[PDB]
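Only one chain comes next, encoded as C-alpha cells, the form deposited without tacrine (THA).
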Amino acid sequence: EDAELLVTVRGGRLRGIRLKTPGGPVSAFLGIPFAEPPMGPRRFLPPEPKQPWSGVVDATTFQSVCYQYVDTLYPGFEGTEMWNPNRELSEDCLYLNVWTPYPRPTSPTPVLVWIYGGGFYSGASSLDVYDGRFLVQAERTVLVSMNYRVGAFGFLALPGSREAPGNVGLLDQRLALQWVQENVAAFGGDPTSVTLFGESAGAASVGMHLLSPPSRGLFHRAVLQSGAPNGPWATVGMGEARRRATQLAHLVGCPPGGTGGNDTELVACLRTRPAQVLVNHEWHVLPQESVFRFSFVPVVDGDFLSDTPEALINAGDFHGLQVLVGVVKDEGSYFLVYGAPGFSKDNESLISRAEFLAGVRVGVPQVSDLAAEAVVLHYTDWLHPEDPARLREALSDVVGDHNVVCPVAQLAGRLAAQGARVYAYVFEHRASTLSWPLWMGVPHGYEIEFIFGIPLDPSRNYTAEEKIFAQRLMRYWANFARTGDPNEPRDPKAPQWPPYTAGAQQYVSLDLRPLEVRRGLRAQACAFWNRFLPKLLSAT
C-alpha cells in the first residue's frame, strides 16, 4: 500500500485510491461519512455529526446518491442522463469526497469546495462531470465535494414545527463545511483558505451561505456559476412551503381519513412512507404549469435566513470578501423543452407568435396579464414580430434573464458596491461534443466540464484547443482560490480581467479567443426585471 492513501481524521481512519491523469496521479478519498444517516425518525431533521468509527473505512468509491427524481424525458440521451444518478439511491447518502495532489502537499494548500446544482431536487457529487482529478493535478489544490439532501428529504418544510423545520439540505452542506475546517489539514489543505464554488442551485446555495452568519465563518471566497440566492426559483415563502408539504402528504395518503392534522401527525405519517413514494409525487405540488420552478427549495423562515435573500443582500456588509460570478451564453434554452409549447430538442423549435405568447406565461408563472404584456413588449422585435427564429431566441432570453442573468447581475452589483471585490464572466464556448441541438447554443450547466478539466480525459473526443481552453479556465479558478484574483499573480502578457463594479459593470468573455472586456450584463433587460417589473406588480 502507498502510504499516502492512508489518512486519519477525527472520526477514524480511511483508505483512499490513486486516480490517473495524463499529467500524473492524484490521491482521492471518496465516500467519507460526515453525518449520521438521516433515516427513519431522522428524516426531515437537521444532520447530526458522524460518530467516530473503528477500523479503516474504505474510501475508494463514491457512496450512494440521495433519493431524487430521475429524468426520463429522453431515455438514452447523453444530454440528460449525464445529470442522472450514477449510483444507487438511498437516504444513507451524507458522504463527502476529497481529492488531494500526489505527492501530498507539505505546506497548507487552498481548498476548493464544490456544491452541485440540480434545482434543489436532484444532483450528486459522483457525476462524471464533477471529477476533480484534473483540477487537482493541474493546479495542485485540494478539492472537496459533498452530497446533500435534495427534494422533500432536504427542503420539505412545515415552518414553525420542529419535526420538519426546512432547509436541512443547506445544513447538510454546512456540516460538510465544518468537517472541512476540522479535517482538511490531514489531507494537506489550508482551512484558512476555503473557496466555495457551485453551479445553478449550488451557486444559489453558495449565496445562501454568504448570507447566513453561522456559515460565513466557514469559508473565505465564493464562486457563483449561473445561479444566485435571490432568483425567483431559489426560495419560497412559509405559506407556500406549508401548502406544498401538505399537498405532498395528501398525495401519499397523509393523514389517513379522518385523523388530522397538526404538523406532528403529518410528519409522522410522512416518515412511514417509502422514500420512492415521496419522490413519485414531488412534481405534482407545483402551483401551475411552469419551467425553471421546483417543488422543495430553501424556505425563508427566519432561522437559516433571517430575512429574504434580497433584503439580506441589500443590507449586507461584504468588506474583505472576493466573489467570482458568471453565466453561460444561453441560460434559458435548456428549460424550454420542459414545458414551453412548440419546443422539441429533435427539431429546430421554430415557434409561432401564438406559441411565444403562451410560452411567456410558462416562463414567467403567476404574473398579471399586464406584467406579461410588459415582458412581450421588451422581448419582441417589432420589426420582425412573427419571425420564428427570433421568437425562439426571445423566449430563451426571457427565461434566462428572469431566472439567472438578472438575479446574478443584481447580486454582483450590490456585492461590489457594498465592500466585496467582484469578478464577472460570460461563458461563450459551445463544447464540440455537445449532444443538445445547435439552436440551444451554450446551454445552462455546460461550462462545468471545462472548469473541471474534463477535456483532458483521454477517453473523450475534445479538440486540442478545448484542452488548452480548459487549462486556462482551471488556472483562473485556482488563482481566485489562492489569491482572490483570477489574473496571473505576475504574468503581464495575458490580457487582464478587471473587477466588476456597479458603475463600469465590466466582465470578460470566456471562449477559445483571448479575454475580451465587455460592459453590462444585459443592463437594459435587467433594468426591466430588477427595477420596473417589481413596481408593475405593486400597483396590480
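Numbering starts at 1 and runs along the sequence shown.
Separately, the form deposited with tacrine (THA) bound exists; it is not shown, and the next lines address it.
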| property | result |
| --- | --- |
| 4.5 angstroms heavy atom contact with tacrine (THA) in the bound PDB entry for residue 436 | yes |
| Heavy atom of residue 83 within 4.5 Å of tacrine (THA) in the bound PDB entry | yes |
| is_contact(residue 105, tacrine (THA)) in the bound PDB entry, heavy atom dist at most 4.5 Å | no |
| is_contact(residue 445, tacrine (THA)) in the bound PDB entry, heavy atom dist at most 4.5 Å | yes |
| Interface residue in the bound PDB entry among 365, 79, 255, 191, criterion: non-hydrogen atom within 4.5 angstroms of tacrine (THA) | 79 |
| In the bound PDB entry, the one of 91, 466, 393, 71 near tacrine (THA) [non-hydrogen atom within 4.5 angstroms] | 71 |
| Stretch in contact in the bound PDB entry with tacrine (THA), which is absent here, among 116 to 124, 315 to 323, 370 to 378, 415 to 423 (heavy atoms within 4.5 Å) | 116 to 124 |
| Residues from 322 to 347 in contact with tacrine (THA) (non-hydrogen atom within 4.5 Å) in the bound PDB entry | 334, 338 |
